[PDB]
Amino acid sequence: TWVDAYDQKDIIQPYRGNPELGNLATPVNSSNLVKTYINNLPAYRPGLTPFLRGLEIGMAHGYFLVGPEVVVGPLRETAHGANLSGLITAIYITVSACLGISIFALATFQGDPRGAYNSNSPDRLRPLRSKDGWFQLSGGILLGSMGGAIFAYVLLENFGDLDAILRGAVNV
Amino acid sequence: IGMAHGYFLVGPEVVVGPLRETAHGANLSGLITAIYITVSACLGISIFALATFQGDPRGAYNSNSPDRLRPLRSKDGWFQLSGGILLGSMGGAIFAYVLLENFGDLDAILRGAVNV
Amino acid sequence: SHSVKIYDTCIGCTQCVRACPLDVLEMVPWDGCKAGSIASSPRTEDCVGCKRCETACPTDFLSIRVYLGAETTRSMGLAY
Amino acid sequence: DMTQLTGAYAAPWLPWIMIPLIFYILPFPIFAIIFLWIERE
Amino acid sequence: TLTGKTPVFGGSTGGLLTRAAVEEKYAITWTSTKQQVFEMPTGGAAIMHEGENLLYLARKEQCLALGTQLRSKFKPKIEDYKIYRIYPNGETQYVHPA
Amino acid sequence: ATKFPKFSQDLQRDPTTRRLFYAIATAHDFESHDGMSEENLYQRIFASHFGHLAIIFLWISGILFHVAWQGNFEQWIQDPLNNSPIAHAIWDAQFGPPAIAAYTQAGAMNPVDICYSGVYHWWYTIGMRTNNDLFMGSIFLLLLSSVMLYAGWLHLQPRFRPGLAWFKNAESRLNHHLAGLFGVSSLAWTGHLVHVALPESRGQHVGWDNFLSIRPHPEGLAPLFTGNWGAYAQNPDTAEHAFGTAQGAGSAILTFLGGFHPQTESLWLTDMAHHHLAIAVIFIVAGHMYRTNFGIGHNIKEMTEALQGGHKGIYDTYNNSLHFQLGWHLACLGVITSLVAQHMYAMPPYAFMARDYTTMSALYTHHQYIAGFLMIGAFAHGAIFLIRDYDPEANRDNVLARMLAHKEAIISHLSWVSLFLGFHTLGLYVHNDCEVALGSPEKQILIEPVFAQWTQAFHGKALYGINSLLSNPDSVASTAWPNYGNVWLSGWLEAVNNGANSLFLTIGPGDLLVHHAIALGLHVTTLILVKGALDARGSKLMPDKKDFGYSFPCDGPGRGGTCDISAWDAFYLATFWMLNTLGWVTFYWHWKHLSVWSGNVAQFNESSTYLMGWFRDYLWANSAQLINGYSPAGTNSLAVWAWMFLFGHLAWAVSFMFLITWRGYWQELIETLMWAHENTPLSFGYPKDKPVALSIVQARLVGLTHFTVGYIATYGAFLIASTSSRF
Amino acid sequence: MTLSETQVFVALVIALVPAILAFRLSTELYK
Ligand code: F6C
Ligand code: CLA
Ligand SMILES: CC1=C(/C=C/C(C)=C/C=C/C(C)=C/C=C/C=C(C)/C=C/C=C(C)/C=C/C2=C(C)CCCC2(C)C)C(C)(C)CCC1
Ligand SMILES: CC1=C(/C=C/C(C)=C/C=C/C(C)=C/C=C/C=C(C)/C=C/C=C(C)/C=C/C2=C(C)CCCC2(C)C)C(C)(C)CCC1
Ligand SMILES: [Ca+2]
Ligand SMILES: [Ca+2]
C-alpha cells in the first residue's frame with residue numbers, strides 16, 4: 001500500500017537531495033525563475049565586491065523609505081514640510097540599520113563565529129563570511145541609502161517643475 | 001574619475017537645454033541629465049565586468065595580455081571602480097547643482113557684496 | 001571550420017595546392033588517375049574559405065569543393 | 001489644455017508614468033538583462 | 001628554440017595586437033644570401049639580413065604571403081622558409097612545411 | 001563558449017558579433033536546430049501557434065481597450081459622417097504648445113490620433129453601441145488570449161504532448177476545420193448577426209442580460225421548424241431606414257436583396273446574415289466528406305494515388321513536408337488577402353465606411369501589401385521545400401518532376417511575357433510623353449480597353465450602351481428563364497448603374513496602360529521567384545546547389561562570378577519587384593479614387609496616359625499639404641506624417657548603403673577601428689565579441705529591411721496625409 | 001461616457017494573468 005510511494009515524480013524534493021536536512025525543495029525556493037531572480041539580487045549576485053552589494057541595496061531602500069512620511073506623516077499638509085520629514089525618516093532608519101550592521105559584525109566575528117557564520121557552515125543564504133565584507137556592506141548601505149533618500153527628496157521637492165517636464169509645459 | 005565627470009555633465013543642459021529660460025528649472029534638468037548618464041554608465045561598467053570576467057577573459061583582460069592601457073585586471077577592481085564612479089559623479093553633479101542653484105549668493109560672495 | 005572535399009575526378013594537377021594561400025591542401029599518392037596523385041585537405045582548420053582552389057581547378061565540374069561552415073577566428077581571418 | 005499634456009480620460013496620471021517607464025526608465029535595465037543573457041558562458 | 005635576426009624595420013601600426021599574446025602567434029624564419037629590401041605584409045619595407053632571419057606575424061596568411069614573395073620576387077629564390085605557430089604558454093608548433 | 005544561442009552549438013563557438021545576429025535570424029528555423037527530432041519539431045510548432053494566437057487576441061483587446069478608454073466611440077455613432085474616430089491619446093512630453101493644439105482634434109480635450117483602421121465602422125455594424133460594450137469585449141479577449149497561452153503550455157507537458165500520428169492526420173483536421181472552424185464559426189456568427197447585430201441596427205438593445213427574453217423574430221423560431229423559411233424574408237428594410245434607430249426598420253433577418261443600404265452606403269445586414277448561414281451549412285456539409293473513425297467518408301490519398309495516365313506521391317509530398325504546406329497556405333492566403341482588398345472597396349460592408357476616404361485608402365493599401373508579402377513567401381517556402389524536403393525518387397515522373405525538367409521552358413516563357421509587356425507599355429508611355437511635351441496631346445496612342453468594358457457590360461453596366469447579356473433587360477442571364485428567382489438583381493443593378501459607389505468604375509485608355517504595367521510587375525516577380533525555385537536544386541553554373549542550402553552568399557568569383565546565385569537571393573531580388581508592383585497597384589487605386597472622390601475624374605483621364613501626368617498630378621500635386629505639416633509658418637496636425645515622410649525617405653537611403661557597398665570595404669575599416677581602440681588610453685572597454693562587418697547575406701537582408709520600411713513609411717505617410725487633408 | 005477609473009484598474013489587474021501565462025509559455029518553449 002506504501003510500496004509505490006516515492007516512486008512517481010514529485011515537484012517537492014528533499015533540499016539538496018538530502019532528506020535529513022530541515023528544508024524542502026519547492027517552487028518558491030528552488031525553481032529556475034526564483035533562483036535566477038534571488039541569486040542575481042545584489043545580496044547574492046556572484047562576484048560583487050561587498051561595498052557594491054551595499055550600494056545597490058542602499059540606493060533601492062533609501063529611495064522608497066522617504067515615501068510613507070511624505071504622504072501619511074504628520075507634516076503632510078504642506079509639501080515642503082512633508083518632503084523634509086520623509087527625508088529625515090529615511091536618514092534615521094538608515095543610520096540605525098547601518099549601526100546594527102556594524103555592531104552585528106563586531107559581535108559575530110570574534111574568533112570562529114557561532115552559527116551560520118562559522119567556518120563549517122554550509123549556509124548558501126548567508127554567504128558574507130568575513131567581517132571586512134560586513135563592514136564594506138555597512139558603508140555601502142549607508143552611502144547608497146543616503147543617496148537614494150536625497151534623490152527621492154530632490155525629486156519630491158522639485159515636483160512642480162518635474163510635473164511640468166513630464167507634461168511638456170517647459171516647451172512654452 | 002566620477003567627481004570630475006559628474007561636475008561638468010550638469011553644464012550643457014543648464015545653458016542650452018529645454019529648461020534654460022528659467023534658472024531653477026535649468027539647474028534641475030542639468031542635474032537629472034548628469035544623474036541619468038551616470039547611472040547608465042555605471043550600469044555599463046558593472047555589466048561589462050559581469051560579462052568579461054567569466055573564467056579567463058578573452059582579449060585585453062586575459063591573464064596573458066600585456067595591455068598597459070588596460071590595467072584593471074580583476075572583476076573586484078571593476079566593481080569597486082563602478083561604485084566609485086557612481087558616488088563621485090553623483091557628488092560632483094550635486095556639487096555643480098548646489099553652486100548653480102545658489103549662483104546669486106555665490107556671485108555676491110565673489111564680488112564682495114556680502115560685506116555691506 | 002569549413003569543409004574541403006576532394007572528389008575522385010581529380011587529375012592531380014597540383015593547382016589547388018599552389019593556389020591555396022593558407023596551406024590547407026597537399027598531394028598524396030593515389031593511383032586513381034594518370035598523374036598518380038590526388039589532392040587532400042589535412043589542415044582544413046586553417047581554411048579561410050577564399051575558394052582560390054576552386055578557381056584553379058580545371059576539372060568540369062570541380063574536383064575540389066569548399067563548404068563554408070562554422071566561423072572561428074582563423075576562418076574569419078581576424079588578426080585581432 | 002493647450003499648453004501642456006493633459007488627459008480627459010480615466011486615470012490621466014497613467015500615461016504620465018507609463019511612457020517614462022516603458023520608454024526611458026526600464027529599457028536600459030532590460031538591455032542589461034538581455035546583454036548578460038547573451039554573454040554568459 | 002627559434003633563431004634569427006629581426007629584420008631592420010621601424011615598426012608599423014599593422015603588426016601584432018592583443019590576439020598575438022592571448023590566442024596564437026606566427027613566426028617565419030628564412031636564410032638570405034645578401035642584405036636586401038622586402039615588403040612587409042603589414043605594410044612598408046623592411047631589410048632582411050644576410051644569413052638567418054626571424055619575423056613574428058599575426059596570421060598564418062601573412063607568413064605564407066611573405067614566403068610567396070620570398071620565392072617569387074628575389075633572384076636567387078628563397079625557398080627555405082619555415083613557419084611556426086607560437087601559443088601563449090611558449091609552445092611552438094612547426095606548421096609549414098608540413 | 002557562450003550559452004546563447006542554445007539551439008546552435010556552432011553559433012555558440014562563434015567568437016564574433018556574427019553570433020548575435022545569426023542567432024536571431026535562425027531562432028525560428030526549428031529543423032536546423034541541434035538534435036531536433038522530427039516529432040519534437042511538430043510539438044514546438046503547435047505551441048508556437050498558440051503563442052501567435054494569444055498575441056493576436058491581445059492585439060485586438062488593446063484596440064478595444066484604447067477606444068473605450070481614450071476614443072470617442074459613443075460620440076462618433078451619433079453622426080458617423082460629421083465625426084472623426086479617435087485611435088488613442090498622445091503622450092509625448094517633447095511636444096510644444098502648437099503641437100498640443102494641433103493634435104487636440106476631433107472634439108477631444110487632449111492630443112489624440114485619428115483612427116484610420118476602420119474599427120469604428122466595424123464595431124458599429126456588428127452592434128457595439130457603448131464604451132461598456134468595448135470594455136467587456138476587451139476583457140473577454142484578455143482572458144481568451146490567456147487561454148491560448150495556457151493551451152500552448154499545456155500541450156508541451158509530457159502527458160498532453162501529441163504524437164506524430166496525430167499531427168499527420170490530414171483527414172481528421174480537414175473535416176474538423178471545414179465543419180467546425182469554417183462552418184460552426186460561420187453558423188455562430190449568423191447567430192450573433194440575427195440575435196444582436198440586427199436588433200441594435202433597428203434600435204433594440206440586446207445584451208447578455210436580455211437576450212434570453214427578446215426573440216430575433218416576431219414569429220420566433222417556428223417558421224424554421226414548419227419549413228416556412230420565407231417568413232424570415234419579411235419586410236426587409238425600407239429605403240428610408242436610419243441605421244441604429246427603429247424608424248423605417250423591418251423584422252426580416254435573412255434576405256436576398258443585393259446592392260447597398262441607401263443611407264450607410266454598405267451591404268445589408270440581412271444579406272450578410274443569409275451569407276454566413278449559407279456559408280455555414282455548406283462548410284458543415286463539406287466537413288462530412290472524409291473518413292476518420294466510422295467507415296463512411298472519402299480517403300484523400302486514394303484520389304491522389306489513383307490519378308495518372310499524374311498525382312502519385314503528391315499526398316505524401318504534401319503531408320510530410322511542412323515547407324510544402326506553408327508555401328501552399330501562403331499562396332492561398334495571399335490570393336484571399338488580395339480578394340479582401342478588391343472586394344471591400346467595391347462592395348463596402350461596414351456602415352458609412354465608403355465616405356471615410358482615408359480609411360478606404362488605408363485599408364486597401366494595407367491588405368494589398370500584406371497579400372504581396374504572402375505571395376513572395378509562398379514561393380520562398382516552396383523553394384525551401386525543393387532544397388530540404390523534396391525527394392526525387394518518391395516523386396518520380398509526377399508533376400513536380402515535370403516542371404523541374406520543364407524549367408528552361410517555363411522561365412523562358414515567363415521572360416518573353418515580361419519583355420513583351422515591358423517593351424510595349426514603357427514604349428507607349430514614353431511615346432505619349434513625347435507627344436504631350438511637344439505640344440500634340442491628341443497624337444497619343446490611346447488604346448480603348450474593350451475587353452474589360454464588355455466584361456463590365458456583362459455584369460450590369462449600361463454605361464457603354466452595348467446592351468447585351470445582363471446589360472440587356474430581356475436576356476436569359478437577366479430574367480433567369482427557368483427560375484425568375486434571381487432576387488439579387490434588382491438590388492444589384494443600382495450598385496452598378498450609380499456614379500457614387502466604387503464597384504465597376506469607368507475605365508479608359510489610361511486604365512489599360514496601368515493594367516498592363518501591373519501585369520508586367522506580376523510576371524517579372526513571378527519570373528524571379530519561379531526561376532529561384534526551379535534552379536534552387538542546381539543549374540549549369542552551380543550543379544550541386546542543394547548541398548549548400550537555401551541561403552548562402554555566392555560560390556566565389558570563379559566560373560565568371562557567382563554573386564546572388566542562391567535561392568534566397570532570388571527572394572531578395574523579387575522583394576524589390578513585389579514592392580514596385582504593389583507600388584504601381586496602390587498608386588493607381590489612390591489616384592483613380594482621389595479623382596472620383598473630388599469629382600475631377602476627367603483630370604485622371606487625360607493625365608494617366610503619360611508618365612509626367614503621374615509625376616506632376618499625383619506625386620507632386622498631392623504632396624503639397626503633406627510637406628507643409630510643419631514649416632516656418634507653423635505646425636499642424638499633419639506634422640507627424642511630414643516627419644514620417646522624411647523618416648521613410650531616410651530609411652530608404654540607409655538601405656542603399658547596405659545594398660551598394662559590400663562587405664570587404666567595411667571589414668577593413670573595422671580593423672582600423674580595432675587598432676584605434678586598443679591603442680587609446682582611458683578606454684577600458686574591450687569587445688567580448690570580436691567586431692566584424694555584417695555578412696554578405698545579412699546586409700542583403702538588412703538592406704532589404706531598410707528598403708521595405710522606407711518604402712512603407714513613405715507611402716503610408718503620403719497616403720494618410722494627402723487623403724485626410726483633401727477630405 | 002468612456003471608461004471609469006475602476007474599469008481601467010480592473011483591466012490592469014486582469015492583464016497580469018496573460019503576463020504570467022506568457023512567461024511560463026516562453027520559459028517552456030525554451031531558454
Ligand atoms: C564599451 C566600451 C567602449 C570604449 C571605452 O571604454 C570605447 C572608446 C572609444 C574611443 C577609444 C574612441 C573615440 C571615442 C569616440 O569619439 O567615438 C564615439 C564612440 C562612443 C561615444 C562609444 C563610447 C561608449 C562609452 C565609452 C560607454 C557608454 C556605455 C553606456 C553609457 C552604458 C549603457 C548601458 C545600457 C545597458 C544601454 C572610440 C571610437 C569608436 N567606437 Mg568605441 N568605445 C566603446 C564601445 C564601442 C561600441 C559598443 C561600438 C559599436 C557601436 C563602438 C564603435 C566605435 C566607432 C565607429 C568609433 C570611432 O570612430 C572612435 C575611434 O576609434 O576614433 C579614433 N565603440 N571608441
Ligand atoms: C472543430 C474543431 C476544431 C477547431 C474549431 C479548430 C481550430 C483551429 N485549429 Mg485545429 N485541429 C482539430 C480540430 C479543430 N481545430 C483536430 C481534430 C486536429 C487533429 C487532426 C487539429 C489539428 C491542428 C493543428 C496541428 C493546428 C491546428 C490549428 C487550429 C487553429 C488555426 C489557426 C487559426 O486561428 O485560424 C482561424 C481561422 C479561421 C477563424 C477561419 C479563417 C477563414 C479565412 C482565412 C477568413 C474568413 C473569415 C472572414 C472573411 C474574415 C472576417 C474577420 C474580420 C471581420 C476581422 C484554429 C484555432 C493550428 C494552431 O494554430 O494551433 C494553435 C495548428 O497548428 N489544428
Ligand atoms: C513589481 C514587481 C517586482 C518588484 C519590484 C519592486 C519592489 C520595485 C522597487 C523599486 C525601487 C525600490 C526602486 C529604487 C530605485 C532607486 C534608485 C534608482 C536610486 C537612485 C539613487 C541615486 C540616483 C542617488 C544619487 C545621489 C547620490 C548617490 C549621492 C549624491 C546625491 C545623489 C542624489 C545625486 C518584482 C521584481 C519583485 C517582481 C515583478 C513585479
Ligand atoms: C585646460 C587644460 C587641460 C584640461 C583640463 C580640464 C579638462 C579641466 C577639467 C576640470 C574639471 C572637469 C573639474 C572637475 C572638478 C570637480 C570637482 C572638484 C568636484 C567636486 C565634488 C565635490 C566637492 C562633491 C561633494 C559632495 C559629495 C561627494 C556628496 C555629498 C554632496 C557633496 C556635494 C558635498 C589639461 C590638463 C588637459 C592640459 C592643460 C590645459
Ligand atoms: Ca500635521
Ligand atoms: Ca523651453
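All values below were derived from every heavy atom in this structure, side-chain atoms included, with hydrogens, water molecules and symmetry-related copies excluded. Chain letters run A, B, ... following the sequence lines, proteins first, then strands; residues in each count from 1.
Counting non-hydrogen atoms of other residues, nucleotides and ligands closer than 6.0 Å to CZ of B:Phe53 gives a total above 12. More than 12 heavy atoms of other residues, nucleotides or ligands shown are found within 6.0 angstrom of CZ on B:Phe8. Annotation: F:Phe21, atom CZ; neighbour count of heavy atoms from other residues, nucleotides and ligands within 6.0 Å does not exceed 12. Under a cut-off of 6.0 angstrom, the local environment of CE in F:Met36 is crowded, with over 12 non-hydrogen atoms contributed by other residues, nucleotides or ligands.
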Put together the list of donor-acceptor pairs under 3.5 Å connecting chain F with chain B, please.
| unit_1 | atom_1 | unit_2 | atom_2 | d |
| --- | --- | --- | --- | --- |
| F:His677 | O | B:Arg70 | NH2 | 2.4 |
| F:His677 | NE2 | B:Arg70 | NH2 | 3.1 |
| F:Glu678 | O | B:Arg70 | NH1 | 3.2 |
| F:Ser683 | O | B:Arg70 | NE | 2.9 |
| F:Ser683 | O | B:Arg70 | NH2 | 2.8 |
| F:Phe684 | O | B:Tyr61 | OH | 2.3 |
| F:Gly685 | O | B:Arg70 | NE | 3.3 |

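Atom CG in F:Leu682 sits 8.5 Å away from atom CG in B:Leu69 (nearest 0.5 Å).
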Would you be so kind as to tabulate the donor-acceptor pairs closer than 3.5 Å made by side chains of residues 628-635 of chain F, with sequence neighbours excluded?
| unit_1 | atom_1 | unit_2 | atom_2 | d |
| --- | --- | --- | --- | --- |
| F:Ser631 | OG | F:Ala633 | N | 3.1 |
| F:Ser631 | OG | F:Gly634 | O | 3.4 |
| F:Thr635 | OG1 | F:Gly629 | O | 3.3 |

